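To begin, one chain is listed below as structure tokens, in the form deposited in one PDB entry.
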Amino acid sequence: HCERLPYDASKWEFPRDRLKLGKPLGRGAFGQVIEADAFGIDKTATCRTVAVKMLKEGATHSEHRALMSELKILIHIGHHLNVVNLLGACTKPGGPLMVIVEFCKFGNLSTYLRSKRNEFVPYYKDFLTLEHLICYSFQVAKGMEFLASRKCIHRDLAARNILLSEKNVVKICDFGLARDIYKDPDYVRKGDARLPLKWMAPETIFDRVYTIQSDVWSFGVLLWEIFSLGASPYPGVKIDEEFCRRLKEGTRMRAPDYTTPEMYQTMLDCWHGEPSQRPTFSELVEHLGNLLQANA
């Protein structure tokens, strides 16, 4: 019910003429993310590279409404290190709606991890390590615990929706309309929609129920993505009626190549058939904190 949420223009509004738009970072059918240089958006008179989400040719007012609600919910949620951080917006009549967020150096985590297979050691500068992987996992859990505290749920948690910034900081985001879900293999046709079936809890697939505990299921799939270094979930499996049936039966993914035993058990915990029996994000924060310390 985001339509009732406030937009404080005096706080958030940024002039369009102080935003210099550049190269596209991601494009969907109706939306896009573009790199930009913003003059004095978060620090007085200093240029800052940012990312801005806006609509594309083909978009209608319905997509405009959706982007406005997205802005409003980001304001409601507020700032956390592990959520993509809202810097401002351009909402004034006479131009397109633009939502401005912090630029994350390395882009989406799925593509990044997939690029580091030859630059990984469990325990070499700029090499990824097991510590990095557990650290990213811990950070996403922290971000999701925060989102839950704001009475919000994600509904599309996956490595493609995690951003990697400098100093190994990861941030939860949602590309949304800026992703081409009709062309993206991660989204499968189900009824009158294209859905991320491989990341979805059984109750979401079968009953269309979305809760923080279905986000926990998705977090388990995310963990699998991290510890496979960006592999595609359910390798060599056709995503059809039989897949969904077997999933409800209790079929689960095998351990990914770079996992630890306790990380794999954590995945299995997140994939409990009963939503209430899955760990909470607060439990996951505690556990992954312990695992990160045990690693060091």
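In this text, residue numbers run from 1 along the sequence as written. Here, rigid core means the biggest group of C-alpha atoms that superpose within 1.5 Å across both forms.
> Using a one-third cut-off over the other compared PDB entries, is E119 one of the residues left without coordinates?
Counting only entries that model residues on both sides, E119 is resolved in every one of them.
> Do a third or more of the other compared entries leave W199 out of the model?
no, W199 modelled in all other entries.
> Averaged over C-alpha atoms, is the B-factor higher for 65-73 or for 247-255 in this PDB entry?
Stretch with the higher mean C-alpha B-factor: 247-255.
> State which stretch shows the higher mean Cα B factor in the entry: 238-246 or 49-57.
The recorded data point to 238-246.
> Between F146, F106, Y123, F219, which one tops the list for Cα B-factor in this entry?
Max CA B-factor in the entry, restricted to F146, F106, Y123, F219: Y123.
> Going by the CA temperature factor in the entry, name the top one among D184, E225, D174, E102.
Of the candidates given, the C-alpha B-factor peaks at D184.
> Going by the entry, which third of its chain does the Cα temperature factor of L128 land in?
It falls in the top third of the chain.
> Using the temperature factors of the C-alpha atoms in this entry, rank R208 within its chain: lowest, middle or highest third.
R208: CA B-factor falls in the highest third of its chain.
> Among all modelled residues of this chain, ranked by Cα B factor, put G26 in the bottom, middle or top third, i.e. lowest, middle or highest.
As the PDB entry reports it, the C-alpha B-factor of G26 lands in the highest third of its chain.
> Among the modelled residues of this chain, does the Cα B factor of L163 put it in the lowest, middle or highest third?
Ranked within chain, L163 CA B lands in the lowest tercile.
> For the chain shown, is the CA B-factor of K142 in the lowest, middle or highest third of its modelled residues?
Within its chain, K142 is a lowest-third residue by C-alpha B-factor, going by the deposited values.
Another form, the form deposited in another entry, is not on view; read the next lines as being about it.
> Align on the rigid core first; then say whether the Cα of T49 has moved by at least 2 Å between this form and the one not shown.
The answer is no; the displacement is under 2 Å.
> Quick one: once the rigid core is lined up, does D257 have its C-alpha move by 2 Å or more between this form and the one not shown?
After core superposition, the C-alpha of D257 moves less than 2 Å between this form and the one not shown.
> On a core-based superposition, does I239 travel 2 Å or more at its Cα between this form and the one not shown?
Result for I239: yes, a 2 Å-plus shift.
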